[PDB]
């Protein structure tokens, strides 16, 4: 058996080589947690959480998705998720899962996803959820504003040959509203946290994407991933054998300031799932990075997982 590992595998899109890591506990492993990062960030922002999971006895698997992190940094491809459709990221998560479960075949397996990573996790739980012991969603979305609107527009642009073109105005339409509750925001990303130092670190980290907006087909995929997970029509597809932990800050626009986070919990409860929810008052998107609650947020996830393994 192997401990800390660097690995890589070919993407579902057939062109990108996905960079990934496995972190193992020193104690006898009790479970696996697969960590799925969000839009424009990367998996090594999560080292603090990963080490907490390691010290709880959990193996941790994480990759940098196509267009992100070391995957984008090594290839130079920051703006194209490829030509195989919106499930590309969920399929790459499935590949990493099979790799880590080949090394640890008999452990309870949990998936954690933050932001777009919770959208990937939610779609994954509806397509590959067989075998999951638990699902943790952080900073997830309800019905995301303007997403329905851009879907046909982007789809038409694709069939017109514009798929690999880049246009910043579509992302700004999708995302530009998100500082709306913030008095005088210094940056368009101030909604990630009310701590300016976290926003500045996010901006200064070269493995986050501040160079290239995603091209038109990649934006299409993003909006598809937002829309395919909406309502009980999505929730019914998630096996009720998977309990769900749903956490967010109530100043977070992604989840409509607590309302859409509880809407998602309701969709799942309505369809027969066991759901535990926790909304942290007065916090924006990245509750797991806010330093005044970070330890509490991580302990809550571990306590949820321990409750299932027990």
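Positions refer to the first chain, counted from 1.
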Could you check the entry and say whether 160-168 or 92-100 has the higher mean CA B-factor? 160-168
Would you tell me which stretch averages the higher CA B-factor in the PDB entry, 242-250 or 59-67? 59-67
In terms of recorded Cα temperature factor, pick the maximum from 130, 119, 151, 200. 151
Among 237, 186, 181, 114, the highest C-alpha B-factor in the PDB entry belongs to 186
Here the Cα B-factor of residue 15, set against its chain, lands in the third termed highest
What third of the chain does residue 21 rank in for C-alpha temperature factor, lowest, middle or highest? middle
Tell me, lowest, middle or highest third: where does the Cα B factor of residue 135 rank within its chain? lowest
Where the record places residue 144 (Cα B-factor, split into thirds across the chain): highest
Tertile call for residue 308 (CA temperature factor, within chain, third-based) is the middle
